[PDB]
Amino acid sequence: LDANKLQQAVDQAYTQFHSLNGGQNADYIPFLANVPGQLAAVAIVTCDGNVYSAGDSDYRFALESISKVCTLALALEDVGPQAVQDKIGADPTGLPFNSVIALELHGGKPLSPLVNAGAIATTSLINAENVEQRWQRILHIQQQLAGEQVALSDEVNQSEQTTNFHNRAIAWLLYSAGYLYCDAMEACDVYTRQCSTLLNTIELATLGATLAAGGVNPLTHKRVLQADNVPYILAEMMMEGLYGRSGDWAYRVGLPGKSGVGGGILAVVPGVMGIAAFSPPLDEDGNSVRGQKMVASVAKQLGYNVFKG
């Protein structure tokens, strides 16, 4: 890959979109509400371990629901794809991230590991002897996939843990229906923790690059996932990673992606690179306004789309 073209792509995406108005920070906890709204970054991490970025690319923001990708990756390593498909699902819900209508319409089955209900079920599916081991193994895979500096924010975790009533409900609905594989409050607790780590845009792009490299983190030169597991992760992302706007994302960008309420957007170019961006203001679907545009811009400038031969 041409280093000049890659650096130009992130530079131009940043220049074109970094100050674009629109959207609002997540504000259900003060930490998210208080993140300076003008911060903005975009980065590429290639399968060969080269890194290109623009903007506030070291600024560490809350992982939040991007954590769903990492725990999914672990569940696949632990129990394999058939078990994940049977116990969690592989289908989009057509409904918001926290939709209980979705559950009741599918007999309690969460359908996707990337909506909150599926993610809580996937967290409960991880091999673990007790709650702290469950957390330790999830924290470790996040560090393996995105970088060793990824770490729990006490402030974010304390805020999330004391406001997550609707996820407590979801955990009990899953448990009641047969779609939760450990104690309900353990699952809810660990799910909350996994959302409460902090990473920067380069680290997010690294998660992408690990997936693009078929499970090898190109910065640490370490195989974290089995290659054969990666397409399942990316398929799940294509179907639901941007919630109700996943189809719009597939239509416009054509790369498997994931958003979080910290303002992160990840996309994967299979075999080639991770692309990520960050900016706190979110659209009505919970997806970073600028983050989406900056990732789409890089992908469009470099000609990457899995629906283009």
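The numbering used is simple: start at 1 and walk along the sequence shown.
Looking only at CA atoms, which has the higher mean B factor in the entry: 23 to 31 or 266 to 274?
Per the deposited B-factors, the answer is 23 to 31.
Regarding 227 to 235 and 125 to 133, which shows the higher C-alpha temperature factor on average in the entry?
Per the PDB entry, the higher value belongs to 125 to 133.
Can you pull the Cα B-factors for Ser196, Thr206, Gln143, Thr162 from the entry and say which is highest?
Highest CA B-factor of the listed options: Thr162.
Of the residues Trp172, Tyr191, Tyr181, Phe97, the one carrying the largest Cα B-factor as recorded:
Out of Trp172, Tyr191, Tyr181, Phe97, the record gives the largest C-alpha B-factor to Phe97.
Using the B-factors in the PDB entry, rank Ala177's C-alpha atom against the chain and give the third, lowest, middle or highest.
CA B-factor rank for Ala177: highest third.
Third of the chain's Cα B-factor distribution that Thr201 belongs to, per the entry
Answer is lowest: the recorded C-alpha B-factor places it there.
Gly107 - Cα temperature factor, lowest/middle/highest third of chain
For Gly107, the deposited C-alpha B-factor lands in the highest third.
Grab the CA temperature factor for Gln38 from the record and place it in the lowest, middle or highest third of its chain.
CA B-factor rank for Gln38: highest third.
Ordered by C-alpha B-factor within the chain, which third holds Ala212? Give me lowest, middle or highest, please.
According to the entry, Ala212 has a C-alpha B-factor in the chain's lowest third.
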